[PDB]
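Structure first, commentary second.
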Amino acid sequence: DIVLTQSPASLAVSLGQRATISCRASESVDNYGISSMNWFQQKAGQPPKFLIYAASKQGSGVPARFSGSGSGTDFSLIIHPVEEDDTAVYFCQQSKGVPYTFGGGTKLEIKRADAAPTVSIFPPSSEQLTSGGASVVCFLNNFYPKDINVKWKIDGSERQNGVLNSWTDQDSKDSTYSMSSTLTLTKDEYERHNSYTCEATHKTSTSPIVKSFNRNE
Amino acid sequence: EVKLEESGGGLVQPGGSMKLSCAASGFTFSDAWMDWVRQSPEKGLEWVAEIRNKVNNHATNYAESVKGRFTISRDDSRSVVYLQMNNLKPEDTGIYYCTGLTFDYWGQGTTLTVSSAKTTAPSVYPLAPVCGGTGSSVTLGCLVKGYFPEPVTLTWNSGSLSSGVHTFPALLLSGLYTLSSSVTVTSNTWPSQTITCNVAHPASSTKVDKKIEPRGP
Amino acid sequence: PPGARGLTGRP
């Protein structure tokens, strides 16, 4: 097994700037004069797309800006100028001999201007209450950077149990992230308290973005 | 245009069997080396099996972790690659891509989950905003609670709303997957025009359309 | 054109 190690793991580049991703091989992938090293791009929810073969040569219709380099055991993938749609994970991959092996992957994030989340709170549905559960959901949409902190309050008392926090991948058009927080409770306990709140601290706002409801409203 | 469609993933018990198949078009299939590659969050991209063209005696190779359990084969007359898998294990769980011309082209992928947990249909709950709203746009939601295994597919108004939609990756809460999705439109559109959350869970043969209704007191 | 092996294929 020829082991491939990429670095860095993640990477944030401004629009129009250089992105450089490395791939180190445990032994030489040179066979003949050709370095048998390929590069793939995987955007979220999609298969890997073939970009570069033979270390530096480009696949059909692959833009000029993607270009690789290196020989032997050390390889790079350069993206320059970087664009919004280049947000993806990039895998190096070795075809020198069986078994074919891939790298760990490197996420390229696109730097952009800061963006506050548009926060929306949602009580439980009528359907869910009559099932027996109660889930309060809070979408925090279209923000940057990825770092965000969500605090749930019930009648002003903080809660950490039952909370599910799912981030999206970076958007291919506006380079933002979005994120869903979900407080899950028994119906019995949902109806014991009145006020449900969803505090969200982000880089943008010093004081937190609050969104709130009370059940009799 | 090259097309690779996989089929026959799903849920199977440990020890059980499963046969993936892969239809291909847009290249002379009988000449192409074909592979299967899998992806899990723990192990990244694993090459699983190769089958070569008629000129190389339909030579097969396999990753060590599947030797003796997985058989790859092809029907050159039907442009199909098959992957028989036997004595399946939890670590065989992943997305299985069929690739053509080694890794030049990749299919969408098909999901194989190996687990003695039973299939479970999601409950699909609509999330309308708080009683009575006021901005120049409005966000609605859809909660897809407690399904197994992955995946579900979720669209809004049968695909008509692509922009405005953030569908969040699923998460494991109490051994079952929960998933949410927001949609944002201008406050003319809703509630006047009906917006509907469409959810399919192929593994349980579940298809639900849930209309988002405003909250009457 | 493509090889039998593919551009990503072994040498």
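Labels used: A, B, ... for chains in the order of the structure tokens, numbers from 1 for residues in each chain, and numbers from 1 for ligands as shown.
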Neighbours of chain B in chain A at 7 Å, counting only C-alpha atoms, as a ChimeraX atom specification:
/A:46-48,50,99-102,104,120,122-123,125,127-128,166-168,180,217
Kindly export the residues of the current selection with N, CA, C and O atoms, as a PDB file, in the first residue's frame.
```
ATOM      1  N   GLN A  46     -22.047  15.287  -3.908  1.00  0.00           N
ATOM      2  CA  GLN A  46     -21.719  14.858  -5.263  1.00  0.00           C
ATOM      3  C   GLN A  46     -20.566  13.872  -5.284  1.00  0.00           C
ATOM      4  O   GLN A  46     -19.789  13.807  -4.337  1.00  0.00           O
ATOM      5  N   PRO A  47     -20.428  13.124  -6.392  1.00  0.00           N
ATOM      6  CA  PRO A  47     -19.235  12.300  -6.501  1.00  0.00           C
ATOM      7  C   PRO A  47     -17.975  13.137  -6.715  1.00  0.00           C
ATOM      8  O   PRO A  47     -18.064  14.336  -6.975  1.00  0.00           O
ATOM      9  N   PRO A  48     -16.807  12.510  -6.588  1.00  0.00           N
ATOM     10  CA  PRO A  48     -15.580  13.178  -6.971  1.00  0.00           C
ATOM     11  C   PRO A  48     -15.525  13.435  -8.475  1.00  0.00           C
ATOM     12  O   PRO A  48     -15.945  12.584  -9.262  1.00  0.00           O
ATOM     13  N   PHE A  50     -12.971  14.239 -11.619  1.00  0.00           N
ATOM     14  CA  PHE A  50     -11.582  14.122 -12.047  1.00  0.00           C
ATOM     15  C   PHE A  50     -11.086  15.479 -12.596  1.00  0.00           C
ATOM     16  O   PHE A  50     -11.758  16.116 -13.397  1.00  0.00           O
ATOM     17  N   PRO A  99      -2.913  -1.796  -4.524  1.00  0.00           N
ATOM     18  CA  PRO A  99      -4.200  -1.095  -4.493  1.00  0.00           C
ATOM     19  C   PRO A  99      -4.091   0.398  -4.786  1.00  0.00           C
ATOM     20  O   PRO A  99      -3.132   1.048  -4.393  1.00  0.00           O
ATOM     21  N   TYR A 100      -5.094   0.908  -5.484  1.00  0.00           N
ATOM     22  CA  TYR A 100      -5.223   2.314  -5.731  1.00  0.00           C
ATOM     23  C   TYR A 100      -5.629   2.935  -4.404  1.00  0.00           C
ATOM     24  O   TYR A 100      -6.482   2.396  -3.701  1.00  0.00           O
ATOM     25  N   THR A 101      -5.014   4.053  -4.050  1.00  0.00           N
ATOM     26  CA  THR A 101      -5.236   4.681  -2.761  1.00  0.00           C
ATOM     27  C   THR A 101      -5.472   6.165  -2.926  1.00  0.00           C
ATOM     28  O   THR A 101      -4.897   6.781  -3.822  1.00  0.00           O
ATOM     29  N   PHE A 102      -6.321   6.724  -2.070  1.00  0.00           N
ATOM     30  CA  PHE A 102      -6.603   8.153  -2.053  1.00  0.00           C
ATOM     31  C   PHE A 102      -6.012   8.807  -0.818  1.00  0.00           C
ATOM     32  O   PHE A 102      -5.637   8.143   0.131  1.00  0.00           O
ATOM     33  N   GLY A 104      -6.449  11.766   2.374  1.00  0.00           N
ATOM     34  CA  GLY A 104      -7.459  12.049   3.383  1.00  0.00           C
ATOM     35  C   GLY A 104      -8.475  13.080   2.941  1.00  0.00           C
ATOM     36  O   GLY A 104      -9.609  13.069   3.380  1.00  0.00           O
ATOM     37  N   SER A 120     -34.354  32.309  12.326  1.00  0.00           N
ATOM     38  CA  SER A 120     -35.783  32.022  12.313  1.00  0.00           C
ATOM     39  C   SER A 120     -36.060  30.958  13.354  1.00  0.00           C
ATOM     40  O   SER A 120     -35.396  29.932  13.343  1.00  0.00           O
ATOM     41  N   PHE A 122     -38.903  28.276  15.137  1.00  0.00           N
ATOM     42  CA  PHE A 122     -40.095  27.519  14.780  1.00  0.00           C
ATOM     43  C   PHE A 122     -40.536  26.661  15.950  1.00  0.00           C
ATOM     44  O   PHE A 122     -39.763  25.824  16.415  1.00  0.00           O
ATOM     45  N   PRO A 123     -41.776  26.870  16.444  1.00  0.00           N
ATOM     46  CA  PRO A 123     -42.295  25.933  17.419  1.00  0.00           C
ATOM     47  C   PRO A 123     -42.515  24.531  16.854  1.00  0.00           C
ATOM     48  O   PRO A 123     -42.287  24.299  15.662  1.00  0.00           O
ATOM     49  N   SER A 125     -44.718  21.481  15.359  1.00  0.00           N
ATOM     50  CA  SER A 125     -45.910  21.357  14.533  1.00  0.00           C
ATOM     51  C   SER A 125     -47.091  20.800  15.339  1.00  0.00           C
ATOM     52  O   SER A 125     -46.885  20.143  16.351  1.00  0.00           O
ATOM     53  N   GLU A 127     -48.864  18.387  14.255  1.00  0.00           N
ATOM     54  CA  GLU A 127     -48.675  16.956  13.998  1.00  0.00           C
ATOM     55  C   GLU A 127     -47.766  16.319  15.048  1.00  0.00           C
ATOM     56  O   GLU A 127     -48.077  15.247  15.566  1.00  0.00           O
ATOM     57  N   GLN A 128     -46.651  16.983  15.366  1.00  0.00           N
ATOM     58  CA  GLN A 128     -45.666  16.428  16.293  1.00  0.00           C
ATOM     59  C   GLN A 128     -46.158  16.413  17.735  1.00  0.00           C
ATOM     60  O   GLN A 128     -45.849  15.477  18.482  1.00  0.00           O
ATOM     61  N   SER A 166     -26.640  21.083  13.080  1.00  0.00           N
ATOM     62  CA  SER A 166     -26.141  20.643  11.787  1.00  0.00           C
ATOM     63  C   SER A 166     -25.774  21.847  10.932  1.00  0.00           C
ATOM     64  O   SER A 166     -26.634  22.677  10.660  1.00  0.00           O
ATOM     65  N   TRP A 167     -24.505  21.937  10.520  1.00  0.00           N
ATOM     66  CA  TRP A 167     -24.056  22.936   9.544  1.00  0.00           C
ATOM     67  C   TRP A 167     -24.185  22.366   8.145  1.00  0.00           C
ATOM     68  O   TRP A 167     -23.973  21.170   7.937  1.00  0.00           O
ATOM     69  N   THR A 168     -24.473  23.233   7.180  1.00  0.00           N
ATOM     70  CA  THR A 168     -24.323  22.888   5.774  1.00  0.00           C
ATOM     71  C   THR A 168     -22.852  22.977   5.393  1.00  0.00           C
ATOM     72  O   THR A 168     -22.007  23.420   6.186  1.00  0.00           O
ATOM     73  N   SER A 180     -28.614  24.652  11.376  1.00  0.00           N
ATOM     74  CA  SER A 180     -29.886  24.333  12.009  1.00  0.00           C
ATOM     75  C   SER A 180     -29.651  23.806  13.413  1.00  0.00           C
ATOM     76  O   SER A 180     -28.910  22.858  13.592  1.00  0.00           O
ATOM     77  N   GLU A 217     -49.446  32.627  22.077  1.00  0.00           N
ATOM     78  CA  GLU A 217     -49.070  33.767  21.211  1.00  0.00           C
ATOM     79  C   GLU A 217     -48.974  33.280  19.802  1.00  0.00           C
ATOM     80  O   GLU A 217     -49.846  33.583  18.975  1.00  0.00           O
TER      81      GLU A 217
END
```
Write out as a PyMOL selection string the residues lying within 9 Å of residue 9 in chain C, counting only C-alpha atoms and excluding same-chain residues fewer than 4 positions away.
(chain A and resi 36+53+95-96) or (chain B and resi 33+101-104) or (chain C and resi 3-5)
Just to confirm, what's the straight-line distance from CA of residue 137 in chain B to CA of residue 191 in chain B in Å (one decimal)?
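CA of residue 137 in chain B sits 11.5 Å away from CA of residue 191 in chain B.
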If you run DSSP over the backbone, which residues in range 77-181 of chain A end up helix (DSSP H, G or I)? Put them as a list in words.
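The helix (DSSP H, G or I) residues within range 77-181 of chain A come out as residues 84, 85, 86, 126, 127, 128, 129, 130 and 131 of chain A.
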If we count only C-alpha atoms and set the cut-off at 12 Å, which residues sit around residue 38 in chain A, ignoring sequence neighbours fewer than 3 positions away in its own chain? Please answer as a PyMOL selection string.
(chain A and resi 4+23+29+34-35+41+48-59+67-71+75-77+90-96+100-103) or (chain B and resi 102-104) or (chain C and resi 6-10)
Extract the full set of strand (DSSP E) residues from range 26-197 of chain A according to DSSP on the backbone, and format it as a PyMOL selection string.
chain A and resi 30-31+34-35+37-42+49-53+57-58+66-71+74-79+88-94+101-102+106-111+118-122+133-143+149-154+157-159+164-167+177-186+195-197
Residue nearest chain C - candidates B:6, B:111, B:31, B:24, atoms counted: only C-alpha atoms
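Among the listed residues, B:31 lies closest to chain C.
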Using only C-alpha atoms for the distances, tell me which of B:42, B:23, B:119, B:93 is nearest to residue 78 in chain B.
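Of all the options, B:23 lies closest to residue 78 in chain B.
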Just the residues within 7 Å of residue 210 in chain B, please, counting only C-alpha atoms, with nothing from its chain fewer than 3 positions along; format it as an MDAnalysis selection string.
chainID B and resid 126 196:198
Grab the residues selected above and save them as a compact mmCIF listing (two decimals), in the first residue's frame with N, CA, C and O atoms.
```txt
# COMPACT_ATOMS: atom_id res chain seq x y z
N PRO B 126 -44.19 19.68 9.19
CA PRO B 126 -44.03 21.01 8.60
C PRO B 126 -43.76 22.06 9.67
O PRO B 126 -44.37 22.01 10.74
N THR B 196 -44.90 23.29 -0.40
CA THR B 196 -45.01 21.91 0.04
C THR B 196 -43.63 21.27 0.11
O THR B 196 -42.80 21.42 -0.79
N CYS B 197 -43.41 20.56 1.20
CA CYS B 197 -42.18 19.85 1.49
C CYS B 197 -42.33 18.40 1.03
O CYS B 197 -43.21 17.71 1.54
N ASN B 198 -41.49 17.95 0.10
CA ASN B 198 -41.59 16.57 -0.44
C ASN B 198 -40.45 15.71 0.08
O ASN B 198 -39.29 16.05 -0.14
```
To one decimal place, how far is CA of residue 121 in chain B from CA of residue 182 in chain A in Å?
19.6 Å
Show me, as an MDAnalysis selection string, the residues that have an atom within 8 Å of range 140-146 of chain A when counting only C-alpha atoms, minus same-chain residues fewer than 3 positions from it.
(chainID A and resid 112:120 175:181 203) or (chainID B and resid 166)
Put those residues in a file: N, CA, C and O atoms, as a tab-separated table (two decimals), in the first residue's frame.
```
chain	number	residue	atom	x	y	z
A	112	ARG	N	-14.69	35.22	2.31
A	112	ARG	CA	-15.52	36.29	1.83
A	112	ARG	C	-15.76	37.25	2.99
A	112	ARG	O	-15.33	36.98	4.11
A	113	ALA	N	-16.45	38.35	2.71
A	113	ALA	CA	-16.82	39.30	3.75
A	113	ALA	C	-17.71	38.65	4.80
A	113	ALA	O	-18.40	37.66	4.53
A	114	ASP	N	-17.68	39.19	6.01
A	114	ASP	CA	-18.48	38.65	7.11
A	114	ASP	C	-19.96	38.82	6.81
A	114	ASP	O	-20.33	39.72	6.06
A	115	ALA	N	-20.78	37.94	7.37
A	115	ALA	CA	-22.22	37.97	7.11
A	115	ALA	C	-22.99	37.49	8.32
A	115	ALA	O	-22.70	36.42	8.85
A	116	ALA	N	-23.94	38.29	8.78
A	116	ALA	CA	-24.74	37.92	9.95
A	116	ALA	C	-25.79	36.89	9.54
A	116	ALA	O	-26.28	36.93	8.41
A	117	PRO	N	-26.13	35.96	10.44
A	117	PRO	CA	-27.17	34.99	10.11
A	117	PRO	C	-28.56	35.62	10.14
A	117	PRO	O	-28.82	36.49	10.97
A	118	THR	N	-29.44	35.19	9.24
A	118	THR	CA	-30.87	35.47	9.34
A	118	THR	C	-31.47	34.32	10.16
A	118	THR	O	-31.50	33.18	9.71
A	119	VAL	N	-31.89	34.63	11.38
A	119	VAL	CA	-32.33	33.62	12.34
A	119	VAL	C	-33.85	33.53	12.38
A	119	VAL	O	-34.54	34.54	12.50
A	120	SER	N	-34.35	32.31	12.33
A	120	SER	CA	-35.78	32.02	12.31
A	120	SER	C	-36.06	30.96	13.35
A	120	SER	O	-35.40	29.93	13.34
A	175	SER	N	-20.82	31.73	-0.98
A	175	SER	CA	-19.77	31.36	-0.03
A	175	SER	C	-20.15	31.46	1.47
A	175	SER	O	-19.28	31.55	2.33
A	176	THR	N	-21.45	31.38	1.76
A	176	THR	CA	-21.93	31.43	3.14
A	176	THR	C	-22.18	30.04	3.65
A	176	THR	O	-22.21	29.09	2.88
A	177	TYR	N	-22.34	29.95	4.96
A	177	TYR	CA	-22.79	28.75	5.62
A	177	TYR	C	-24.15	29.01	6.19
A	177	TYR	O	-24.56	30.16	6.35
A	178	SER	N	-24.85	27.94	6.49
A	178	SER	CA	-26.13	28.00	7.17
A	178	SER	C	-26.16	26.85	8.15
A	178	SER	O	-25.41	25.88	7.99
A	179	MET	N	-27.01	26.94	9.16
A	179	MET	CA	-26.95	26.00	10.26
A	179	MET	C	-28.28	25.88	10.98
A	179	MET	O	-28.97	26.87	11.18
A	180	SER	N	-28.61	24.65	11.38
A	180	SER	CA	-29.89	24.33	12.01
A	180	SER	C	-29.65	23.81	13.41
A	180	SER	O	-28.91	22.86	13.59
A	181	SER	N	-30.30	24.42	14.39
A	181	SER	CA	-30.26	23.96	15.77
A	181	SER	C	-31.65	23.44	16.14
A	181	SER	O	-32.65	24.04	15.76
A	203	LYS	N	-19.39	36.16	15.10
A	203	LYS	CA	-18.33	37.16	14.93
A	203	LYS	C	-18.89	38.55	14.63
A	203	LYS	O	-18.38	39.54	15.13
B	166	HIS	N	-32.10	25.67	2.13
B	166	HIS	CA	-30.97	25.09	2.82
B	166	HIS	C	-31.46	23.79	3.42
B	166	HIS	O	-32.33	23.80	4.29
```
Quick one, how far is CA of residue 60 in chain B from CA of residue 35 in chain B?
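It comes out at 9.4 Å.
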Please provide as a list in words all residues within 9 Å of residue 19 in chain A, with the sequence filter that same-chain residues fewer than 4 positions apart are discarded (counting only C-alpha atoms).
residues 11, 12, 13, 14, 77, 78, 79, 80, 81, 82 and 108 of chain A
